[PDB]
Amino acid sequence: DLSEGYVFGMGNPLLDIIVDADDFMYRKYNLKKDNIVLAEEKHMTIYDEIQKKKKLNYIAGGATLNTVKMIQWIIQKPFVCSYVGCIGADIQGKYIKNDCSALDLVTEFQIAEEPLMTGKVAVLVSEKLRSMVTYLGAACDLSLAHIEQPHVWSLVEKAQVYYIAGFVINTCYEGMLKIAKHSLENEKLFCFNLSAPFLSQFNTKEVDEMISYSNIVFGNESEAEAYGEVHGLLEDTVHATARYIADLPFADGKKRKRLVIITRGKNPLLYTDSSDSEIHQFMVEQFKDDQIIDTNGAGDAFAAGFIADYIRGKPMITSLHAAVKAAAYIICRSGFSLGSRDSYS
């Protein structure tokens, strides 16, 4: 029985362009498995190149948007979740806009000045590798000015739970920082996601600062290793990282518990908190090879599944099962597609 606007999200609204990629694409653009990179000049030809390929799949993306709208989808109560992002004045942006409205998700999109187009993600899918090349585009123009608007900042003030992916660091760090301060100041729930290895390597200052305001931190194995390496944790890196992130002081120096969850693919995930001296394993649902359709967005769904239950009072273990369920649902589907709500269970 949550009030409207209980969950607030801010991120980069993107369009996923999913394509069955040939093998040369990964050598040509120097791409790695299960990795994401921001588009540089040497990557720019990839978008025109994949349009030459048949059977393209266009579907709404954005890490934060995926999580927040699945939370809304799970709760089934209209207008519980809110989302703020920046799109372009194109058909892609309007598609994403209408996609949100269809899920009863309250949105206040910022519109970038033309001809800056809505961001896109080149999702290259193959039997051997899966990789993403992101062109942020209009998402970069997300301003603090748009957020501090009375009709937008009111969504933040009435919210009790926040989810902001680490990806937002590249687009509007000043915005997510202001919200995180507001959350800790009013003792709210701030959920943070490490999102990608490059964020811990190249934006270590921003990641650590965000952690100091975060009550819950989500991450995976590759992110934990990247984080751990930069912090000089050369042994038991994944475990040490979980302990390190959980033990970091909050910004005000006050004593709170921070929950840290690190997923590890098919292997048992890890979880712990500031008050716990131990790191626990949680075994997950096993998949066969011919059961997996697309693991893209499984982490975003995992966050949605956990939060949706955890904020409704359900205990830790139960919430972890809900998270795995959310991820498993997405894994058996192409892209981040939210189907009929009745067919969830």
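Numbers follow the displayed sequence, beginning with 1.
J.: Highest mean C-alpha temperature factor of the two stretches 16-24 and 317-325, which is it?
T.: The recorded data point to 16-24.
J.: So, looking at the entry's B-factor column for Cα atoms, which has the higher mean, 185-193 or 218-226?
T.: Averaged over C-alpha atoms, the B-factors run higher in 185-193.
J.: Kindly indicate the residue among 263, 275, 134, 203 with the greatest C-alpha B-factor in the PDB record.
T.: Max CA B-factor in the entry, restricted to 263, 275, 134, 203: 275.
J.: When the modelled residues of the chain are sorted by Cα temperature factor, does residue 138 land in the lowest, middle or highest third?
T.: According to the entry, residue 138 has a C-alpha B-factor in the chain's lowest third.
J.: Quick one: classify residue 292 as lowest, middle or highest third of the chain based on its Cα B-factor.
T.: Its C-alpha B-factor belongs to the highest third of this chain's values.
J.: So where's residue 153 on the chain's Cα temperature factor ranking, which third?
T.: Ranked within chain, residue 153 CA B lands in the highest tercile.
J.: Taking the values exactly as deposited, rank residue 37 by C-alpha B-factor within its chain and report the matching third: lowest, middle or highest.
T.: Within its chain, residue 37 is a middle-third residue by C-alpha B-factor, going by the deposited values.
J.: With respect to C-alpha B-factor, does residue 284 fall in the lowest, middle or highest third of the chain as deposited?
T.: For residue 284, whose C-alpha B-factor we compare with every modelled residue in the chain, the answer is the highest third.
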